[PDB]
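Residue numbers (my numbering), protein chains in the order written: chain A, 9 to 218; chain B, 1443 to 1727; chain C, 2 to 157; chain D, 1065 to 1181; chain E, 148 to 207; chain F, 2 to 81.
Beta carbons: idealized from backbone N, C-alpha and C, even for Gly.
Quick notes on the structure that follows.
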Amino acid sequence: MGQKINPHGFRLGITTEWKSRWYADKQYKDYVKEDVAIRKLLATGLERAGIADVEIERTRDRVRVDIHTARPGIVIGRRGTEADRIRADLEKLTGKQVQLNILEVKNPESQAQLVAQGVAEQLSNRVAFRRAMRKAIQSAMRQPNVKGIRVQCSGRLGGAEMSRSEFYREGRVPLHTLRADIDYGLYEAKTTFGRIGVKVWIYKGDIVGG
Amino acid sequence: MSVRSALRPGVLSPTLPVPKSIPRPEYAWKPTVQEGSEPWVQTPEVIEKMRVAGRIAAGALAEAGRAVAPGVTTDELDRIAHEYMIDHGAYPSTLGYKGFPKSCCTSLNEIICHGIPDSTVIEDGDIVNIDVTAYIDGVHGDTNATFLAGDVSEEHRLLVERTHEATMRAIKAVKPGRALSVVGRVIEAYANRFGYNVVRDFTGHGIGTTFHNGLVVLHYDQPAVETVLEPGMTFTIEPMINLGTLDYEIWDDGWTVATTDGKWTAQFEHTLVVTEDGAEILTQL
Amino acid sequence: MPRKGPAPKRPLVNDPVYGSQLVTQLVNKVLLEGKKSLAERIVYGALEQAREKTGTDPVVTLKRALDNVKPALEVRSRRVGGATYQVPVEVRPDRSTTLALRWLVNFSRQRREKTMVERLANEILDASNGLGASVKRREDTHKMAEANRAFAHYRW
Amino acid sequence: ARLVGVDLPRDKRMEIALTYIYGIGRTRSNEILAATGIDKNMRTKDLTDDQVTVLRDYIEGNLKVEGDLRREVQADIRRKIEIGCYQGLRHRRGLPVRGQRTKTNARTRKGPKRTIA
Amino acid sequence: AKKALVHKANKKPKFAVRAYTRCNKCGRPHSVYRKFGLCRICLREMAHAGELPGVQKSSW
Amino acid sequence: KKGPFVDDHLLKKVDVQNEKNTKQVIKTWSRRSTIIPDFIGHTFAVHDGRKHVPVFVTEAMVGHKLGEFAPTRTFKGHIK
RNA sequence: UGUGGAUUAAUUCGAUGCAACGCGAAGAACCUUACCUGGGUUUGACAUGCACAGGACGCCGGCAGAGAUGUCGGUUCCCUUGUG
RNA sequence: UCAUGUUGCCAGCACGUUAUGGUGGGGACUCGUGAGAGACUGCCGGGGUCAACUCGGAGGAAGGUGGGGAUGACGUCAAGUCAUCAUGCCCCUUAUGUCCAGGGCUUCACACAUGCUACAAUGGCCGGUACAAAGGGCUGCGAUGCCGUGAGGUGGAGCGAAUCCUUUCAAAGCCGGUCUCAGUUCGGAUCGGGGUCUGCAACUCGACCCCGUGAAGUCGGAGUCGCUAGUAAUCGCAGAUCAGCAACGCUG
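Here it is in structure tokens:
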């Protein structure tokens, strides 16, 4: 299709920041493998609860893992029952002492990935795609200081054999404009008939941030 | 003398173009016309057109043979024969026939038949079969003859001459009311006297408005064939006599063949039409 | 940038050794694409060789040769009504100078002397006197542009 | 002049006369002319018969020359065929021996590009 | 990129020359580098995500 | 050309073969040298992959290696 | 060099103007292999869950064997009494 | 422009005395990059609706979006990717599973595409002159020295590195001599010996080295492509996948 460069893949050195930050001399590949393993470990159980972000920073080789979730209580249930179990699992898997950091997103669903998560869960919930959309789309804009949205979906929508697509735009969302701060979120629901990909572009504003 | 080494499919030159003056198969036209084949029934008109085409093919074969000298490439023979037969208003039926990129077919020593002219040169002591075909007004005329290039030794001379006697012995054995296979039987008989062998695959083919009408004339004793001759069939007798066995090595040039035993072979093709009392050669000068 | 007006051109400096724009344009045209200093040396030695074989200033000799090669009418390749009708057009001084020098270089590299220094010197001489390939091509192009005057009033 | 059997042309330098030979090439021309004492710049016309004899003896004694290069190259070629080696099989099929391109290129071996139907 | 082939390349070889890359994340063995040890199709997708601390767009 | 191949399993097999002065068709998987002259007289059934095609070892057999002494590249490429 | 056509056990697969053919392939003696020939494993090379024996497995070596694989040589549990 | 002197440059200074900033010191200058300034028709004149816009001049390094990049709205062609990956569905579950042996994947009688080499004297051979930057480098640069025709062998300094290796970084170019417009000192094929290294092993199935190879091709037919300035074009260097290289490739 149209060569839409990833807004986070295009303004990663202009407006948005990297999820991970550290320095490594002749140590890059193993750090990448550790990041991939940790992100794979926190993939399904966290997304079922409504996880939003996963940052992995590196202190003096001990630990720095932050997970930003959209609902407290599931990631951290009874004190030590859930958070400590997954912390110990990370300590066993990764050859480091893991002081896992879990923080809660201050608002309801307002991230492009979060909106995609909700949309895909609704589509898997047998609800009217349209409803799901509009509903979750209304539940998308949110983002207090919100200015624009672009909700896209593709794949076997509603379980049909045709890989149909939908596009919805709201307000200013200049993708080309570099002072855009457009958050990108892609999530694929695994329906009984196949898979449905969901794209969310969230244009916060025209701020340069420089 | 020193035995010639095994041949290799040298650089094939370009194709010899053909004025549309002389027509071409329906492939040229819309593929859904399927106007080829034609009434293969051999009417006397087509008989006279066949006489003309065969005379042209024999003349081009003679030009190629007279061009044969030690040091003269088979490509030169093909060029001279093609010039002669185009000047006579004939189409090379072998040019592009199932993928044959030359106007004439040059077999050299071990090559069975339908050899591809290329940068391979003819030298002293060699034996070269030249195959020339002509097409006009919907007729096909094919004939090949083997010639002794240079002062050839006794054995290869015997080989070529024996192929030639098997040739006109199969030709003369053609009589009305006779079965087809006797032709092949006669060839095998002449092969049995000198201990020579005849390939059972590249054998005689019926010729007419189409180059290969499907009438295959086997050049060995085949009692299971009851094909009886009646006057009017134009068909090629091309008895194939080798110095070795019946297994052979198709040249890497496919069309061009060769004998596995690297032993030389010869071929003579004459197209015959059955008269009221025998055979008549329409590809003769 | 055609279709929008006249195209700006790179300015040309004069030769350091000689000091003439025609000399430098000849240098850049004899310039085999990739080397200039060696091409400059070759055109130099050619101009001195023309100097002793003429006894005059090489810049003036090159001017005389260019005048003896400069065209006046050019023929384009416009297709009019499916038929090749040649429309002669008056040549601007820069275009005529470029055509003359291009012809001079093309027929210089054609000559069969030991070096293209000698070949270019001989081409310069044969264009100055009026007995070279460039001069005869200048004659032929004018002859052909005059032979087709019936199509000359199209004014394109 | 006179040599092993490869002509030395009238307007070729001594190394240049040598370079034509199968036995001697430009680099071997320089090597031989340095070992024997003949200039790489002097012509065949300026050559001396005593120098001819000395040069011929040196090349036939210390260098693989026309005959030596033949008895090397072709004998070891047929040697690698007679051992069944696929270097020999590259030789047989008219292929470059080191297994480099035979699919379309390698015309000096198989023979120039052609055309089939 | 069969899981058997992935384990095969991950298993010890009996010769020092059998070792090759066979990018583990996806399974593509060809076009795998040393500085990252991944394939191109996964490299682009990881890089556009911003999770890599330092890679960005080049523009000079 | 520091060191050619030794055919370690084939080396032991050939040593056992010729130490007893018995000639046997060794179904030799090894295909990476015939550099060692002691192989003469041993019918190396070279495992070209399809079968074990016999190859004989000669004196001038050295200098090139064991593999396609029996060819593995069955090729006709033209009509066959 | 790659692609098409043809052999082949494979000449791996797809891509077939734009948008295939100095391509995925920024790298085929084993490997790459996806193909074939042949020899081994068969809950399997790889795993997960239920057991059931269990204190062994598993390792360091030898041998046969193309090698897979198999033979055993020697170590033989760490929990804490439920058994893991 | 400010800052900035180390590993870097070295005028203003000394010490090298050969090995060059190389060294002590030197911020002065790039350099090195942190910040900033500086093209915005900034000023003026001219048409134009008194408007855009346009032209021209001037200040300006940049002039009329400075330049080079980085910008893919809506959608477009079931193009391509179940062999990147998951994926709905079907099939085997004892095989299409599965490890290994060997081969092929490099095979070729060809068609096409793309490139290097040429087809020369602008150049070939031989020798000397001076300039690049980016780099890349820990089991990698790996030098000096040497055996070496030359691979290659040692060999490890300085080297996780503006320091040391890549040369105190080139080639083309400059010069001198030859060659004398030719199957050529073109041009490299082509293969042979022997080795040389990596590699368990280089026949398919690496490359290189000493030698030799001297073909076609004498600048390309129809027809065709690219290129608006650092552009066409030439030459050289480096980086990646690379233990060995098919790379004449790709990225610069």
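Using a Cβ cut-off of 9 Å, pull out every chain A residue sitting near residue i, in sequence order please.
{"i": "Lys182(E)", "result": "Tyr36 and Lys37"}
Measuring straight from C-alpha to C-alpha, what distance separates residue i and residue j?
{"i": "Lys212(A)", "j": "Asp33(A)", "result": "36 Å"}
{"i": "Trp1482(B)", "j": "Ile1498(B)", "result": "21 Å"}
{"i": "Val1667(B)", "j": "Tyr1690(B)", "result": "25 Å"}
{"i": "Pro1073(D)", "j": "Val1514(B)", "result": "31 Å"}
{"i": "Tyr1526(B)", "j": "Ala1509(B)", "result": "12 Å"}
{"i": "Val63(F)", "j": "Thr75(F)", "result": "24 Å"}
{"i": "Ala84(C)", "j": "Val24(C)", "result": "40 Å"}
{"i": "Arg187(A)", "j": "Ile22(A)", "result": "8 Å"}
{"i": "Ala8(C)", "j": "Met2(C)", "result": "6 Å"}
{"i": "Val1563(B)", "j": "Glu1718(B)", "result": "44 Å"}
{"i": "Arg113(C)", "j": "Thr1083(D)", "result": "26 Å"}
{"i": "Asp1520(B)", "j": "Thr1548(B)", "result": "8 Å"}
In chain A, what lies closer than 8 Å to residue i by C-beta?
{"i": "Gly197(E)", "result": "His16, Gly17, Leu20, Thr24, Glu25, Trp26 and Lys27"}
{"i": "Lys172(E)", "result": "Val44"}
Using a cut-off of 7 Å between C-beta atoms, extract the partners of residue i located in chain B.
{"i": "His79(F)", "result": "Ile1692, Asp1694, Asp1695 and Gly1696"}
Does residue i come within less than 7 Å of chain B when only Cβ atoms are used?
{"i": "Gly1175(D)", "result": "yes"}
Find the residues of chain F that neighbour residue i, judging by a C-beta separation of less than 7 Å, and give them in chain order.
{"i": "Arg1143(D)", "result": "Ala61 and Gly64"}
Starting from the beta carbon of residue i, find every residue of chain F whose beta carbon is closer than 9 Å, and list them in chain order.
{"i": "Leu1153(D)", "result": "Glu69, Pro72 and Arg74"}
When burial is assigned at 16 or more other CB atoms within 10 Å of the CB, is residue i buried or exposed?
{"i": "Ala1576(B)", "result": "buried"}
{"i": "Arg181(E)", "result": "exposed"}
{"i": "residue 2(A)", "result": "The shown model of chain A, from 9 to 218, leaves out residue 2(A), and the question about it has no answer."}
{"i": "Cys170(E)", "result": "buried"}
{"i": "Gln111(C)", "result": "exposed"}
{"i": "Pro200(E)", "result": "buried"}
{"i": "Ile215(A)", "result": "exposed"}
{"i": "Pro1473(B)", "result": "exposed"}
For chain F, check one thing: does any of its Cβ atoms lie closer than 7 Å to the Cβ of residue i?
{"i": "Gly1148(D)", "result": "yes"}
What in chain A is Cβ-close to residue i, meaning under 7 Å?
{"i": "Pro176(E)", "result": "Result: empty, since nearest Cβ-Cβ is about 17 Å, beyond 7 Å."}
{"i": "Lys204(E)", "result": "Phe18 and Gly21"}
Against residue i, what residues of chain D qualify as contacts under a CB-to-CB distance less than 7 Å, listed in chain order?
{"i": "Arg1450(B)", "result": "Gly1158"}
List, in chain order, every chain D residue whose beta-carbon is nearer than 8 Å to that of residue i.
{"i": "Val56(F)", "result": "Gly1148"}
{"i": "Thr35(F)", "result": "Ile1147"}
Can you confirm whether residue i, when its beta carbon is compared against all beta carbons of chain E, has any partner nearer than 7 Å?
{"i": "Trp209(A)", "result": "no"}
Kindly list, in the order they appear in chain D, the residues whose Cβ is closer than 9 Å to that of residue i.
{"i": "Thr1457(B)", "result": "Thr1179 and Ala1181"}
{"i": "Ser1561(B)", "result": "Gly1175, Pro1176 and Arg1178"}
Listing by chain order, which chain E residues have their CB less than 9 Å from the CB of residue i?
{"i": "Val206(A)", "result": "In chain order: nothing, as chain E lies at least about 16 Å away."}
{"i": "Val216(A)", "result": "Residues of chain E passing the Cβ test: none, with the nearest at roughly 17 Å."}
For residue i, decide whether its Cβ has a neighbour in chain A, counting only Cβ atoms nearer than 7 Å.
{"i": "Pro200(E)", "result": "yes"}
Cβ of residue i less than 7 Å from any chain D Cβ?
{"i": "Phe1653(B)", "result": "no"}
{"i": "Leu1519(B)", "result": "no"}
{"i": "residue 1401(B)", "result": "No answer is possible for residue 1401(B): it lies beyond the span of chain B, which begins at 1443 and ends at 1727."}
{"i": "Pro1543(B)", "result": "yes"}
{"i": "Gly1686(B)", "result": "no"}
So which residues of chain E does residue i contact, with C-beta pairs closer than 7 Å?
{"i": "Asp43(A)", "result": "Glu198"}
Whole alpha helix (DSSP H) elements within the stretch 1509-1592 of chain B, 4-residue minimum: Counting whole runs of 4 or more residues, the stretch 1509-1592 of chain B contains the alpha helix (DSSP H) stretches 1516-1529.
Within the stretch 73-112 of chain C, ranges of the beta strand (DSSP E) (whole runs, at least 3 residues): Listed in chain order, they are 74-76 and 89-91.
In chain order, each alpha helix (DSSP H) run of at least 4 residues that lies wholly inside the stretch 51-127 of chain A: You should have 52-57 and 91-101.
Length-filtered (3 minimum) beta strand (DSSP E) runs lying within the stretch 1696-1722 of chain B: Taken in chain order, the whole beta strand (DSSP E) runs of length 3 or more contained in the stretch 1696-1722 of chain B are 1707-1709 and 1712-1716.
Uninterrupted alpha helix (DSSP H) stretches inside the stretch 1448-1513 of chain B (no shorter than 4 residues): For the stretch 1448-1513 of chain B, whole alpha helix (DSSP H) runs of length 4 or above, ordered along the chain, are 1486-1509.
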